[PDB]
Structure formats: structure tokens, C-alpha cells
Amino acid sequence: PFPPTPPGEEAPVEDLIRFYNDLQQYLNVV
């Protein structure tokens, strides 16, 4: 499934960087 949930537009851009970090784990996590 997809554990990480994308941030809203109001969420700080830093959240987007973390999302990419968590998304990277998804690929390695498979």
C-alpha cells in the first residue's frame, strides 16, 4: 500500500521534501 500521505498546498514546502524522502523508501521498500 502507500503509507506516506502527500501534504496539502498550505503545508510548508519542507513537507514536500520529506514526502520525496518517504516515497524513496517506498521504492526500496517495494
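Residues numbered from 1 in each chain as written, not as in the entry; some residues may be left out. Heavy atoms only, no water.

The helix and strand tally for the protein chain stands at 1 helix and 0 strands. The dimensions of the protein chain, computed from C-alpha atoms along their principal axes, are 30 × 15 × 5 Å. Taking all 30 residues of the protein chain together, the buried fraction comes to 3%. Total accessible area on the protein chain stands at roughly 2900 Å², and carbon and sulfur atoms take up 60% of it. (Helix = DSSP H or I, 4+ residues; strand = E, 2+ residues; numbered from the N terminus. Buried < 20%, exposed > 50% of the residue type's maximum accessible area, 1.4 Å probe, protein only. Areas by Shrake-Rupley, 256 points an atom, 1.4 Å probe, with all protein chains shown as cover.)

Moving on, we come to a nonpolar patch on the surface. On the surface, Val13, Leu16 and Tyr20 cluster together to form a nonpolar patch covering roughly 350 Å² of accessible area. Following the sequence through the fold, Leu16 ends up in helix α1 (residues 13-29). (Patch = residues over 30% accessible without salt bridge, like charges linked within 9 Å, V, L, I, M, F, W, Y side chains within 5 Å. Salt bridge = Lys/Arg side-chain N within 4 Å of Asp/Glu carboxyl O.)

A separate point is the environment of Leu23. Checked against the element boundaries, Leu23 lands in helix α1. Sequence-wise, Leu23 and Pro12 are 11 residues apart; in three dimensions their C-alpha atoms are separated by 17 Å.

Below, the discussion takes up unusual backbone geometry. At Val30, a position not held by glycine, the phi torsion is positive, near 50°. With respect to the helices, strands and loops of the structure, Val30 is situated in the segment after α1. Assessed through its relative accessible area of 79%, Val30 is described here as exposed.

Tracing the backbone shows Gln25 in helix α1. Separated by 24 residues in sequence, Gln25 and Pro1 place their C-alpha atoms 12 Å apart.

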